[PDB]
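Shown next: structure.csv, given as CSV, N, CA and C atoms and all ligand atoms.
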chain,number,residue,atom,x,y,z
A,1,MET,N,101.9,78.3,89.2
A,1,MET,CA,102.2,78.7,87.8
A,1,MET,C,102.6,80.1,87.8
A,2,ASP,N,101.6,81.0,87.9
A,2,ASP,CA,101.9,82.5,87.9
A,2,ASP,C,102.8,82.8,86.7
A,3,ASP,N,102.4,82.4,85.5
A,3,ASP,CA,103.1,82.6,84.3
A,3,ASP,C,102.8,84.0,83.8
A,4,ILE,N,101.5,84.3,83.6
A,4,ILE,CA,101.0,85.5,83.1
A,4,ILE,C,101.7,86.7,83.7
A,5,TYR,N,102.4,86.4,84.8
A,5,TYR,CA,103.2,87.5,85.5
A,5,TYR,C,104.6,87.6,85.0
A,6,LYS,N,105.2,86.4,84.8
A,6,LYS,CA,106.6,86.4,84.3
A,6,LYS,C,106.6,87.0,82.9
A,7,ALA,N,105.5,87.0,82.2
A,7,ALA,CA,105.4,87.5,80.8
A,7,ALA,C,105.7,89.0,80.8
A,8,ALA,N,105.3,89.7,81.8
A,8,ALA,CA,105.5,91.1,81.9
A,8,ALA,C,107.0,91.4,82.4
A,9,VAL,N,107.5,90.5,83.2
A,9,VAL,CA,108.9,90.6,83.7
A,9,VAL,C,109.8,90.7,82.5
A,10,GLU,N,109.5,90.1,81.4
A,10,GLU,CA,110.3,90.1,80.2
A,10,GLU,C,110.3,91.4,79.6
A,11,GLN,N,109.3,92.2,79.8
A,11,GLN,CA,109.2,93.5,79.2
A,11,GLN,C,110.0,94.5,80.0
A,12,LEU,N,110.2,94.3,81.3
A,12,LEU,CA,111.1,95.2,82.1
A,12,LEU,C,112.5,95.0,81.7
A,13,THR,N,113.2,96.1,81.4
A,13,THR,CA,114.6,96.1,81.0
A,13,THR,C,115.5,96.0,82.3
A,14,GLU,N,116.4,96.9,82.4
A,14,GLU,CA,117.3,96.8,83.6
A,14,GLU,C,117.5,98.2,84.2
A,15,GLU,N,117.1,99.3,83.4
A,15,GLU,CA,117.2,100.6,83.9
A,15,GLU,C,116.1,100.9,84.9
A,16,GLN,N,114.9,100.4,84.6
A,16,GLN,CA,113.8,100.6,85.5
A,16,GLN,C,113.9,99.6,86.8
A,17,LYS,N,114.8,98.7,86.7
A,17,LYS,CA,115.0,97.7,87.7
A,17,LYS,C,115.8,98.4,88.9
A,18,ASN,N,116.9,99.0,88.5
A,18,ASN,CA,117.7,99.7,89.5
A,18,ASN,C,116.9,100.8,90.3
A,19,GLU,N,115.8,101.1,89.7
A,19,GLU,CA,114.9,102.1,90.4
A,19,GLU,C,114.2,101.5,91.5
A,20,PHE,N,113.7,100.3,91.4
A,20,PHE,CA,113.0,99.6,92.5
A,20,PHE,C,114.0,99.1,93.5
A,21,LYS,N,114.9,98.3,93.1
A,21,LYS,CA,115.9,97.8,94.0
A,21,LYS,C,116.4,98.9,95.0
A,22,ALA,N,116.6,100.1,94.4
A,22,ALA,CA,117.0,101.2,95.2
A,22,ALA,C,116.0,101.5,96.3
A,23,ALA,N,114.7,101.3,96.1
A,23,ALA,CA,113.7,101.6,97.0
A,23,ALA,C,113.8,100.6,98.2
A,24,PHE,N,113.9,99.3,98.0
A,24,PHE,CA,114.1,98.3,99.0
A,24,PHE,C,115.1,98.8,100.1
A,25,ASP,N,116.3,99.2,99.6
A,25,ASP,CA,117.3,99.6,100.6
A,25,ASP,C,116.7,100.6,101.6
A,26,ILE,N,115.9,101.5,101.1
A,26,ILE,CA,115.3,102.5,102.0
A,26,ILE,C,114.3,101.8,103.0
A,27,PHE,N,113.4,101.0,102.5
A,27,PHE,CA,112.5,100.3,103.3
A,27,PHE,C,113.2,99.4,104.3
A,28,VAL,N,114.5,99.1,104.0
A,28,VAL,CA,115.3,98.2,104.8
A,28,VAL,C,116.8,98.6,104.7
A,29,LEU,N,117.2,99.7,105.2
A,29,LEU,CA,118.5,100.1,105.2
A,29,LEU,C,119.3,99.8,106.5
A,30,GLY,N,118.8,98.7,107.1
A,30,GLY,CA,119.4,98.3,108.4
A,30,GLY,C,118.8,97.0,108.9
A,31,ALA,N,117.9,96.4,108.1
A,31,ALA,CA,117.3,95.2,108.5
A,31,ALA,C,118.2,94.0,108.2
A,32,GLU,N,117.9,92.9,108.8
A,32,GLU,CA,118.8,91.7,108.6
A,32,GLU,C,118.7,91.3,107.1
A,33,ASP,N,117.7,90.5,106.7
A,33,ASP,CA,117.6,90.1,105.4
A,33,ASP,C,117.1,91.2,104.5
A,34,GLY,N,115.8,91.6,104.7
A,34,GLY,CA,115.2,92.7,103.9
A,34,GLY,C,113.7,92.6,103.9
A,35,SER,N,113.2,92.1,105.0
A,35,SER,CA,111.7,92.0,105.1
A,35,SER,C,111.1,93.3,105.5
A,36,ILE,N,110.2,93.8,104.7
A,36,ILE,CA,109.6,95.1,104.9
A,36,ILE,C,108.3,94.9,105.8
A,37,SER,N,107.9,95.9,106.6
A,37,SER,CA,106.8,95.8,107.4
A,37,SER,C,106.2,97.2,107.7
A,38,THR,N,105.0,97.2,108.3
A,38,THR,CA,104.4,98.5,108.6
A,38,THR,C,105.3,99.4,109.5
A,39,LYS,N,106.5,98.8,109.9
A,39,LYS,CA,107.4,99.6,110.7
A,39,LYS,C,108.3,100.5,109.8
A,40,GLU,N,109.0,99.9,108.8
A,40,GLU,CA,109.8,100.7,107.9
A,40,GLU,C,109.0,101.2,106.8
A,41,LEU,N,107.7,101.0,106.8
A,41,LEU,CA,106.8,101.4,105.7
A,41,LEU,C,106.5,102.9,105.9
A,42,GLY,N,105.9,103.3,106.9
A,42,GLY,CA,105.6,104.7,107.2
A,42,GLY,C,106.8,105.5,107.2
A,43,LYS,N,108.0,104.9,107.1
A,43,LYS,CA,109.3,105.6,107.1
A,43,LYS,C,109.5,106.2,105.8
A,44,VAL,N,109.2,105.5,104.7
A,44,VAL,CA,109.4,106.0,103.4
A,44,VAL,C,108.3,107.0,103.0
A,45,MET,N,107.0,106.6,103.3
A,45,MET,CA,105.9,107.5,103.0
A,45,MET,C,106.0,108.8,103.7
A,46,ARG,N,107.0,108.9,104.6
A,46,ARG,CA,107.2,110.2,105.3
A,46,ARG,C,107.9,111.2,104.4
A,47,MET,N,108.9,110.7,103.7
A,47,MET,CA,109.6,111.6,102.8
A,47,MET,C,108.7,112.3,101.8
A,48,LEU,N,107.6,111.5,101.4
A,48,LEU,CA,106.6,112.0,100.5
A,48,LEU,C,105.8,113.1,101.1
A,49,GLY,N,104.8,112.7,101.9
A,49,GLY,CA,103.9,113.7,102.6
A,49,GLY,C,102.8,113.0,103.3
A,50,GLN,N,103.0,111.8,103.8
A,50,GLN,CA,102.0,111.0,104.5
A,50,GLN,C,102.6,110.3,105.7
A,51,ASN,N,101.7,109.8,106.6
A,51,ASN,CA,102.1,109.2,107.8
A,51,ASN,C,100.9,108.6,108.5
A,52,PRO,N,100.3,107.7,107.9
A,52,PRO,CA,99.1,107.0,108.6
A,52,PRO,C,99.5,106.0,109.6
A,53,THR,N,98.5,105.3,110.2
A,53,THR,CA,98.8,104.3,111.2
A,53,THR,C,99.2,103.0,110.5
A,54,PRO,N,100.0,102.2,111.2
A,54,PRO,CA,100.4,100.9,110.7
A,54,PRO,C,99.3,99.9,110.5
A,55,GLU,N,98.1,100.2,111.0
A,55,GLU,CA,97.0,99.3,110.9
A,55,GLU,C,96.3,99.5,109.5
A,56,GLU,N,96.4,100.7,108.9
A,56,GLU,CA,95.8,101.0,107.6
A,56,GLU,C,96.8,100.5,106.5
A,57,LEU,N,98.1,100.8,106.6
A,57,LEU,CA,99.0,100.4,105.6
A,57,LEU,C,99.0,98.9,105.5
A,58,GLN,N,98.9,98.1,106.6
A,58,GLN,CA,98.9,96.7,106.5
A,58,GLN,C,97.9,96.2,105.4
A,59,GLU,N,96.9,97.0,105.2
A,59,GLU,CA,95.9,96.6,104.2
A,59,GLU,C,96.6,96.5,102.8
A,60,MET,N,97.6,97.4,102.6
A,60,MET,CA,98.3,97.4,101.3
A,60,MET,C,99.2,96.2,101.2
A,61,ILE,N,99.7,95.7,102.3
A,61,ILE,CA,100.6,94.6,102.4
A,61,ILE,C,99.8,93.3,102.5
A,62,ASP,N,98.6,93.4,103.0
A,62,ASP,CA,97.7,92.2,103.1
A,62,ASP,C,97.1,91.8,101.8
A,63,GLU,N,97.1,92.7,100.8
A,63,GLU,CA,96.5,92.3,99.5
A,63,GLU,C,97.6,91.5,98.7
A,64,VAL,N,98.8,91.9,98.8
A,64,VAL,CA,99.9,91.2,98.1
A,64,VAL,C,100.4,90.0,98.8
A,65,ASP,N,100.4,90.1,100.1
A,65,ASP,CA,100.8,88.9,101.0
A,65,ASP,C,100.0,87.7,100.7
A,66,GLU,N,100.3,87.0,99.6
A,66,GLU,CA,99.6,85.8,99.2
A,66,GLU,C,100.2,84.6,100.0
A,67,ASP,N,100.6,84.9,101.2
A,67,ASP,CA,101.1,83.8,102.1
A,67,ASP,C,100.9,84.2,103.5
A,68,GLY,N,100.2,85.3,103.8
A,68,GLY,CA,100.0,85.7,105.2
A,68,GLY,C,101.3,85.7,106.0
A,69,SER,N,102.1,86.7,105.8
A,69,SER,CA,103.4,86.8,106.5
A,69,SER,C,103.7,88.2,106.9
A,70,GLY,N,102.9,89.1,106.4
A,70,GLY,CA,103.1,90.6,106.7
A,70,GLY,C,104.5,91.0,106.3
A,71,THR,N,104.8,90.8,105.0
A,71,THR,CA,106.1,91.2,104.4
A,71,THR,C,105.9,91.4,102.9
A,72,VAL,N,107.0,92.0,102.3
A,72,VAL,CA,107.0,92.3,100.9
A,72,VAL,C,108.3,92.1,100.3
A,73,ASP,N,108.6,90.8,99.9
A,73,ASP,CA,109.9,90.5,99.3
A,73,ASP,C,109.9,90.9,97.8
A,74,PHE,N,111.1,90.9,97.2
A,74,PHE,CA,111.3,91.3,95.8
A,74,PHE,C,110.4,90.4,95.0
A,75,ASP,N,109.8,89.4,95.6
A,75,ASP,CA,109.0,88.4,94.9
A,75,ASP,C,107.6,89.0,94.6
A,76,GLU,N,106.7,88.7,95.6
A,76,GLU,CA,105.3,89.2,95.4
A,76,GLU,C,105.3,90.7,95.1
A,77,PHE,N,106.4,91.3,95.2
A,77,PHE,CA,106.5,92.8,95.0
A,77,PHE,C,106.2,93.0,93.5
A,78,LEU,N,107.0,92.4,92.6
A,78,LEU,CA,106.8,92.6,91.2
A,78,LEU,C,105.3,92.5,90.8
A,79,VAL,N,104.7,91.4,91.4
A,79,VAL,CA,103.3,91.2,91.1
A,79,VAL,C,102.5,92.4,91.3
A,80,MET,N,102.7,93.1,92.5
A,80,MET,CA,101.9,94.3,92.8
A,80,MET,C,101.9,95.3,91.6
A,81,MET,N,103.1,95.6,91.1
A,81,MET,CA,103.3,96.5,90.0
A,81,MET,C,102.6,96.0,88.8
A,82,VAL,N,103.0,94.8,88.3
A,82,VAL,CA,102.4,94.1,87.2
A,82,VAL,C,100.9,94.2,87.2
A,83,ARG,N,100.3,94.1,88.4
A,83,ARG,CA,98.8,94.1,88.5
A,83,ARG,C,98.4,95.6,88.2
A,84,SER,N,98.6,96.5,89.2
A,84,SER,CA,98.2,97.9,89.0
A,84,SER,C,98.6,98.4,87.6
A,85,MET,N,99.7,97.9,87.0
A,85,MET,CA,100.1,98.3,85.7
A,85,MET,C,99.1,97.7,84.6
A,86,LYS,N,99.1,96.4,84.4
A,86,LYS,CA,98.2,95.8,83.4
A,86,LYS,C,96.8,96.2,83.7
A,87,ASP,N,96.5,96.5,85.0
A,87,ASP,CA,95.2,96.9,85.4
A,87,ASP,C,95.2,97.7,86.7
A,88,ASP,N,95.0,99.0,86.5
A,88,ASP,CA,95.0,99.9,87.6
A,88,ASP,C,93.6,99.8,88.4
A,89,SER,N,93.7,100.1,89.7
A,89,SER,CA,92.5,100.0,90.5
A,89,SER,C,92.8,100.6,91.9
B,101,LIG,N1,102.2,100.6,98.5
B,101,LIG,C1,102.7,99.8,97.5
B,101,LIG,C2,102.8,100.4,96.1
B,101,LIG,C3,104.2,100.5,95.6
B,101,LIG,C4,104.4,101.8,94.8
B,101,LIG,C5,105.2,101.5,93.6
B,101,LIG,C6,106.6,102.2,93.7
B,101,LIG,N2,107.5,101.5,94.6
B,101,LIG,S1,107.8,102.3,96.1
B,101,LIG,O1,109.3,102.3,96.3
B,101,LIG,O2,107.2,103.6,96.1
B,101,LIG,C7,107.1,101.4,97.4
B,101,LIG,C8,105.9,102.0,98.1
B,101,LIG,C9,105.3,101.3,99.2
B,101,LIG,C10,105.7,100.0,99.6
B,101,LIG,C11,106.9,99.4,99.0
B,101,LIG,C12,107.4,98.1,99.4
B,101,LIG,CL1,106.7,97.1,100.6
B,101,LIG,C13,108.6,97.5,98.7
B,101,LIG,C14,109.3,98.2,97.6
B,101,LIG,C15,108.8,99.5,97.2
B,101,LIG,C16,107.6,100.1,97.8
B,102,CA,CA,104.0,88.5,102.2

Take the structure in the file and give it back as structure tokens.
Amino acid sequence: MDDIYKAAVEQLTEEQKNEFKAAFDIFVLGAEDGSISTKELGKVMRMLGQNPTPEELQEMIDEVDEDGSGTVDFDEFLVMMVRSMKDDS
């Protein structure tokens, strides 16, 4: 079902969309399809001011990976935001 999630997707316009889509490119500016991993992860967090081990970051991808695949597609991705948004933690 996962409806309670699509409910928020309707709130998202299109201006804030181009903001995220632009991020993916970074996480995968040379990957085949666009599957993100602890590999291209620490790559973006580098521009900020962090650079932990791929073992710790996996924890962030293991929480959303509701299919155990070690990836973050534009799918389960939205969920992440919707969650932290409607409820930060
Ligand atoms: N660590 C996840 C929290 C996301 C932060 C919200 C802002 N989105 S973001 O561009 O900063 C961003 C950060 C970390 C992982 C991402 C993946 Cl796997 C896909 C797309 C964007 C990602
Ligand atoms: Ca996944």

Could you please write out, as an MDAnalysis selection string, every residue of chain A that DSSP assigns to helix (DSSP H, G or I)? chainID A and resid 3:9 17:27 38:48 54:64 74:86

Residues just named, written with N, CA and C atoms as a short mmCIF file (atom, residue, chain, number, x, y, z; two decimals), in the frame of the given file:
data_model
loop_
_atom_site.label_atom_id
_atom_site.label_comp_id
_atom_site.auth_asym_id
_atom_site.auth_seq_id
_atom_site.Cartn_x
_atom_site.Cartn_y
_atom_site.Cartn_z
N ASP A 3 102.40 82.40 85.50
CA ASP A 3 103.10 82.60 84.30
C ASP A 3 102.80 84.00 83.80
N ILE A 4 101.50 84.30 83.60
CA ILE A 4 101.00 85.50 83.10
C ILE A 4 101.70 86.70 83.70
N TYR A 5 102.40 86.40 84.80
CA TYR A 5 103.20 87.50 85.50
C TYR A 5 104.60 87.60 85.00
N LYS A 6 105.20 86.40 84.80
CA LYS A 6 106.60 86.40 84.30
C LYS A 6 106.60 87.00 82.90
N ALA A 7 105.50 87.00 82.20
CA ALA A 7 105.40 87.50 80.80
C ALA A 7 105.70 89.00 80.80
N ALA A 8 105.30 89.70 81.80
CA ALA A 8 105.50 91.10 81.90
C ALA A 8 107.00 91.40 82.40
N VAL A 9 107.50 90.50 83.20
CA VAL A 9 108.90 90.60 83.70
C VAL A 9 109.80 90.70 82.50
N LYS A 17 114.80 98.70 86.70
CA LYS A 17 115.00 97.70 87.70
C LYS A 17 115.80 98.40 88.90
N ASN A 18 116.90 99.00 88.50
CA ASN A 18 117.70 99.70 89.50
C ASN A 18 116.90 100.80 90.30
N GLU A 19 115.80 101.10 89.70
CA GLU A 19 114.90 102.10 90.40
C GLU A 19 114.20 101.50 91.50
N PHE A 20 113.70 100.30 91.40
CA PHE A 20 113.00 99.60 92.50
C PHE A 20 114.00 99.10 93.50
N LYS A 21 114.90 98.30 93.10
CA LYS A 21 115.90 97.80 94.00
C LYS A 21 116.40 98.90 95.00
N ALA A 22 116.60 100.10 94.40
CA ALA A 22 117.00 101.20 95.20
C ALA A 22 116.00 101.50 96.30
N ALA A 23 114.70 101.30 96.10
CA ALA A 23 113.70 101.60 97.00
C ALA A 23 113.80 100.60 98.20
N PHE A 24 113.90 99.30 98.00
CA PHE A 24 114.10 98.30 99.00
C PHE A 24 115.10 98.80 100.10
N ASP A 25 116.30 99.20 99.60
CA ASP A 25 117.30 99.60 100.60
C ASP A 25 116.70 100.60 101.60
N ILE A 26 115.90 101.50 101.10
CA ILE A 26 115.30 102.50 102.00
C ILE A 26 114.30 101.80 103.00
N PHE A 27 113.40 101.00 102.50
CA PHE A 27 112.50 100.30 103.30
C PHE A 27 113.20 99.40 104.30
N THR A 38 105.00 97.20 108.30
CA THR A 38 104.40 98.50 108.60
C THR A 38 105.30 99.40 109.50
N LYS A 39 106.50 98.80 109.90
CA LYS A 39 107.40 99.60 110.70
C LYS A 39 108.30 100.50 109.80
N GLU A 40 109.00 99.90 108.80
CA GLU A 40 109.80 100.70 107.90
C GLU A 40 109.00 101.20 106.80
N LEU A 41 107.70 101.00 106.80
CA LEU A 41 106.80 101.40 105.70
C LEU A 41 106.50 102.90 105.90
N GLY A 42 105.90 103.30 106.90
CA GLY A 42 105.60 104.70 107.20
C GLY A 42 106.80 105.50 107.20
N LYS A 43 108.00 104.90 107.10
CA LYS A 43 109.30 105.60 107.10
C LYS A 43 109.50 106.20 105.80
N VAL A 44 109.20 105.50 104.70
CA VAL A 44 109.40 106.00 103.40
C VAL A 44 108.30 107.00 103.00
N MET A 45 107.00 106.60 103.30
CA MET A 45 105.90 107.50 103.00
C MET A 45 106.00 108.80 103.70
N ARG A 46 107.00 108.90 104.60
CA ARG A 46 107.20 110.20 105.30
C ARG A 46 107.90 111.20 104.40
N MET A 47 108.90 110.70 103.70
CA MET A 47 109.60 111.60 102.80
C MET A 47 108.70 112.30 101.80
N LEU A 48 107.60 111.50 101.40
CA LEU A 48 106.60 112.00 100.50
C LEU A 48 105.80 113.10 101.10
N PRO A 54 100.00 102.20 111.20
CA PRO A 54 100.40 100.90 110.70
C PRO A 54 99.30 99.90 110.50
N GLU A 55 98.10 100.20 111.00
CA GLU A 55 97.00 99.30 110.90
C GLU A 55 96.30 99.50 109.50
N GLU A 56 96.40 100.70 108.90
CA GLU A 56 95.80 101.00 107.60
C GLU A 56 96.80 100.50 106.50
N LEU A 57 98.10 100.80 106.60
CA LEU A 57 99.00 100.40 105.60
C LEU A 57 99.00 98.90 105.50
N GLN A 58 98.90 98.10 106.60
CA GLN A 58 98.90 96.70 106.50
C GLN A 58 97.90 96.20 105.40
N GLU A 59 96.90 97.00 105.20
CA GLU A 59 95.90 96.60 104.20
C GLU A 59 96.60 96.50 102.80
N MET A 60 97.60 97.40 102.60
CA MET A 60 98.30 97.40 101.30
C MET A 60 99.20 96.20 101.20
N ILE A 61 99.70 95.70 102.30
CA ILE A 61 100.60 94.60 102.40
C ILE A 61 99.80 93.30 102.50
N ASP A 62 98.60 93.40 103.00
CA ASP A 62 97.70 92.20 103.10
C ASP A 62 97.10 91.80 101.80
N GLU A 63 97.10 92.70 100.80
CA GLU A 63 96.50 92.30 99.50
C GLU A 63 97.60 91.50 98.70
N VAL A 64 98.80 91.90 98.80
CA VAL A 64 99.90 91.20 98.10
C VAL A 64 100.40 90.00 98.80
N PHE A 74 111.10 90.90 97.20
CA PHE A 74 111.30 91.30 95.80
C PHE A 74 110.40 90.40 95.00
N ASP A 75 109.80 89.40 95.60
CA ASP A 75 109.00 88.40 94.90
C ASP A 75 107.60 89.00 94.60
N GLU A 76 106.70 88.70 95.60
CA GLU A 76 105.30 89.20 95.40
C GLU A 76 105.30 90.70 95.10
N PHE A 77 106.40 91.30 95.20
CA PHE A 77 106.50 92.80 95.00
C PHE A 77 106.20 93.00 93.50
N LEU A 78 107.00 92.40 92.60
CA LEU A 78 106.80 92.60 91.20
C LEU A 78 105.30 92.50 90.80
N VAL A 79 104.70 91.40 91.40
CA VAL A 79 103.30 91.20 91.10
C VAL A 79 102.50 92.40 91.30
N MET A 80 102.70 93.10 92.50
CA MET A 80 101.90 94.30 92.80
C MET A 80 101.90 95.30 91.60
N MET A 81 103.10 95.60 91.10
CA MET A 81 103.30 96.50 90.00
C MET A 81 102.60 96.00 88.80
N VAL A 82 103.00 94.80 88.30
CA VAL A 82 102.40 94.10 87.20
C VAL A 82 100.90 94.20 87.20
N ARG A 83 100.30 94.10 88.40
CA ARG A 83 98.80 94.10 88.50
C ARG A 83 98.40 95.60 88.20
N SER A 84 98.60 96.50 89.20
CA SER A 84 98.20 97.90 89.00
C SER A 84 98.60 98.40 87.60
N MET A 85 99.70 97.90 87.00
CA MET A 85 100.10 98.30 85.70
C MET A 85 99.10 97.70 84.60
N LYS A 86 99.10 96.40 84.40
CA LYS A 86 98.20 95.80 83.40
C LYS A 86 96.80 96.20 83.70
#

Could you build a table of the residues in chain A lying no more than 5 Å from ligand CA 102 (chain B), giving for each the nearest pair of atoms and their separation in Å rounded to one decimal place, using only N, CA and C atoms and all ligand atoms, ordered by chain and ascending residue number, as JSON lines?
{"residue": "A:65", "atom": "CA", "partner": "B:CA102", "partner_atom": "CA", "distance": 3.4}
{"residue": "A:66", "atom": "N", "partner": "B:CA102", "partner_atom": "CA", "distance": 4.8}
{"residue": "A:69", "atom": "N", "partner": "B:CA102", "partner_atom": "CA", "distance": 4.5}
{"residue": "A:70", "atom": "N", "partner": "B:CA102", "partner_atom": "CA", "distance": 4.4}
{"residue": "A:71", "atom": "C", "partner": "B:CA102", "partner_atom": "CA", "distance": 3.5}
{"residue": "A:72", "atom": "N", "partner": "B:CA102", "partner_atom": "CA", "distance": 4.6}

Let me have all residues with an atom within 6.5 Å of ligand LIG 101 (chain B), counting only N, CA and C atoms and all ligand atoms, laid out as a PyMOL selection string. chain A and resi 20+23-24+36-37+41+60+71-72+77+81

Selection to disk with N, CA and C atoms, as a compact mmCIF listing (two decimals), in the frame of the given file:
# COMPACT_ATOMS: atom_id res chain seq x y z
N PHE A 20 113.70 100.30 91.40
CA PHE A 20 113.00 99.60 92.50
C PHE A 20 114.00 99.10 93.50
N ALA A 23 114.70 101.30 96.10
CA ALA A 23 113.70 101.60 97.00
C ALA A 23 113.80 100.60 98.20
N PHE A 24 113.90 99.30 98.00
CA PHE A 24 114.10 98.30 99.00
C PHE A 24 115.10 98.80 100.10
N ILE A 36 110.20 93.80 104.70
CA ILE A 36 109.60 95.10 104.90
C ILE A 36 108.30 94.90 105.80
N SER A 37 107.90 95.90 106.60
CA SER A 37 106.80 95.80 107.40
C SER A 37 106.20 97.20 107.70
N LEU A 41 107.70 101.00 106.80
CA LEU A 41 106.80 101.40 105.70
C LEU A 41 106.50 102.90 105.90
N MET A 60 97.60 97.40 102.60
CA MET A 60 98.30 97.40 101.30
C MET A 60 99.20 96.20 101.20
N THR A 71 104.80 90.80 105.00
CA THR A 71 106.10 91.20 104.40
C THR A 71 105.90 91.40 102.90
N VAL A 72 107.00 92.00 102.30
CA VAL A 72 107.00 92.30 100.90
C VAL A 72 108.30 92.10 100.30
N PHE A 77 106.40 91.30 95.20
CA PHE A 77 106.50 92.80 95.00
C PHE A 77 106.20 93.00 93.50
N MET A 81 103.10 95.60 91.10
CA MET A 81 103.30 96.50 90.00
C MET A 81 102.60 96.00 88.80

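Of the residues under consideration (A:80, A:40, A:27, A:86), A:80 shows the shortest atom-to-atom contact distance to residue 63 (chain A) when counting all atoms listed in the file.
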
Using all atoms listed in the file, determine which residues lie at most 8 Å from residue 5 (chain A), disregarding the query and same-chain residues fewer than 2 positions distant; provide the list as a short mmCIF file (atom, residue, chain, number, x, y, z; two decimals) with N, CA and C atoms, in the frame of the given file.
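Here's the written file selection_23.cif:
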data_model
loop_
_atom_site.label_atom_id
_atom_site.label_comp_id
_atom_site.auth_asym_id
_atom_site.auth_seq_id
_atom_site.Cartn_x
_atom_site.Cartn_y
_atom_site.Cartn_z
N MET A 1 101.90 78.30 89.20
CA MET A 1 102.20 78.70 87.80
C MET A 1 102.60 80.10 87.80
N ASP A 2 101.60 81.00 87.90
CA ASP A 2 101.90 82.50 87.90
C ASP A 2 102.80 82.80 86.70
N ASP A 3 102.40 82.40 85.50
CA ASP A 3 103.10 82.60 84.30
C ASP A 3 102.80 84.00 83.80
N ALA A 7 105.50 87.00 82.20
CA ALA A 7 105.40 87.50 80.80
C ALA A 7 105.70 89.00 80.80
N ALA A 8 105.30 89.70 81.80
CA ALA A 8 105.50 91.10 81.90
C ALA A 8 107.00 91.40 82.40
N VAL A 9 107.50 90.50 83.20
CA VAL A 9 108.90 90.60 83.70
C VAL A 9 109.80 90.70 82.50
N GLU A 10 109.50 90.10 81.40
CA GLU A 10 110.30 90.10 80.20
C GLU A 10 110.30 91.40 79.60
N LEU A 78 107.00 92.40 92.60
CA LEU A 78 106.80 92.60 91.20
C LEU A 78 105.30 92.50 90.80
N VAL A 79 104.70 91.40 91.40
CA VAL A 79 103.30 91.20 91.10
C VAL A 79 102.50 92.40 91.30
N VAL A 82 103.00 94.80 88.30
CA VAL A 82 102.40 94.10 87.20
C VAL A 82 100.90 94.20 87.20
N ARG A 83 100.30 94.10 88.40
CA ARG A 83 98.80 94.10 88.50
C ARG A 83 98.40 95.60 88.20
#

Could you tell me how far CA of residue 68 (chain A) sits from atom C of residue 42 (chain A), in Å to one decimal place?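 Between atom C of residue 42 (chain A) and CA of residue 68 (chain A) the gap works out to 21.0 Å.
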
Looking at all atoms listed in the file, which of A:89, A:73, A:61, A:54 is the one that sits closest to residue 39 (chain A)?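 Closest to residue 39 (chain A), using all atoms listed in the file: A:54.
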
How far is it from CA of residue 64 (chain A) to atom C of residue 13 (chain A), in Å with one decimal?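 Interatomic distance here is 22.7 Å.
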
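What separates atom C of residue 21 (chain A) from atom N of residue 74 (chain A) is a distance of 9.8 Å.
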
My structure is short of atoms at region 60-69 of chain A; please model N, CA, C and O atoms there, returning them as a compact mmCIF listing (two decimals), in the frame of the given file.
# COMPACT_ATOMS: atom_id res chain seq x y z
N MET A 60 97.60 97.40 102.60
CA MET A 60 98.30 97.40 101.30
C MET A 60 99.20 96.20 101.20
O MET A 60 99.47 95.69 100.10
N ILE A 61 99.70 95.70 102.30
CA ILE A 61 100.60 94.60 102.40
C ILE A 61 99.80 93.30 102.50
O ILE A 61 100.29 92.18 102.18
N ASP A 62 98.60 93.40 103.00
CA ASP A 62 97.70 92.20 103.10
C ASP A 62 97.10 91.80 101.80
O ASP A 62 96.67 90.61 101.67
N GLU A 63 97.10 92.70 100.80
CA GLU A 63 96.50 92.30 99.50
C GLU A 63 97.60 91.50 98.70
O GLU A 63 97.18 90.64 97.92
N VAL A 64 98.80 91.90 98.80
CA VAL A 64 99.90 91.20 98.10
C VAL A 64 100.40 90.00 98.80
O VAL A 64 100.78 88.98 98.21
N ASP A 65 100.40 90.10 100.10
CA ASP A 65 100.80 88.90 101.00
C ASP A 65 100.00 87.70 100.70
O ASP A 65 99.13 87.32 101.44
N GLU A 66 100.30 87.00 99.60
CA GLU A 66 99.60 85.80 99.20
C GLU A 66 100.20 84.60 100.00
O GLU A 66 100.20 83.49 99.46
N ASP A 67 100.60 84.90 101.20
CA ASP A 67 101.10 83.80 102.10
C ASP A 67 100.90 84.20 103.50
O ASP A 67 101.44 83.50 104.42
N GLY A 68 100.20 85.30 103.80
CA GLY A 68 100.00 85.70 105.20
C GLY A 68 101.30 85.70 106.00
O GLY A 68 101.51 84.72 106.71
N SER A 69 102.10 86.70 105.80
CA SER A 69 103.40 86.80 106.50
C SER A 69 103.70 88.20 106.90
O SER A 69 104.66 88.46 107.66
